[PDB]
Amino acid sequence: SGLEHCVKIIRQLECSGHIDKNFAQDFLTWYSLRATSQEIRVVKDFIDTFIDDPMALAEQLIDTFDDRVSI
Numbered sequence: 620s621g622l623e624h625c626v627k628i629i630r631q632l633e634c635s636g637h638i639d640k641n642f643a644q645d646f647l648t649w650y651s652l653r654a655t656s657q658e659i660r661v662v663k664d665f666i667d668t669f670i671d672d673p674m675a676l677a678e679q680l681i682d683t684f685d686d687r688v689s690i
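In the authors' numbering, the protein residues as written are 620 to 690.
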């Protein structure tokens, strides 16, 4: 599922150190509970587009979603 895939990549980014623990946890909480269906589609598109570049993915996820994710 979309969530399983999202968790796998987010854990990878955290383990690689491209995102921190707090962002990883906030992001997954947000993605699974608060993200609209349209936002979920955007996350999936980001993940697909940046598949070859985890650092770029991380930076884009932070830039785009940090405000919505962190509270």
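By construction, the Cβ of each residue, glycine as well, lies at the ideal position given by its N, Cα and C atoms.
The beta carbon of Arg630 lies closer than 8 Å to those of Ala643 in the same chain, with the five residues before and after it left out.
Of the residues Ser656, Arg660, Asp645, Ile638, the one whose Cα lies closest to the Cα of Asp686 is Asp645. For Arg653, no alpha helix (DSSP H) encloses it, and the DSSP letter there is neither H nor E. The C-beta separation of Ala677 from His637 comes to about 4 Å, placing the pair in contact by the 8 Å criterion. Excluding sequence positions up to five before and after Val626, its CB lies within less than 8 Å of the CB of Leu647, all in the same chain and listed in chain order.
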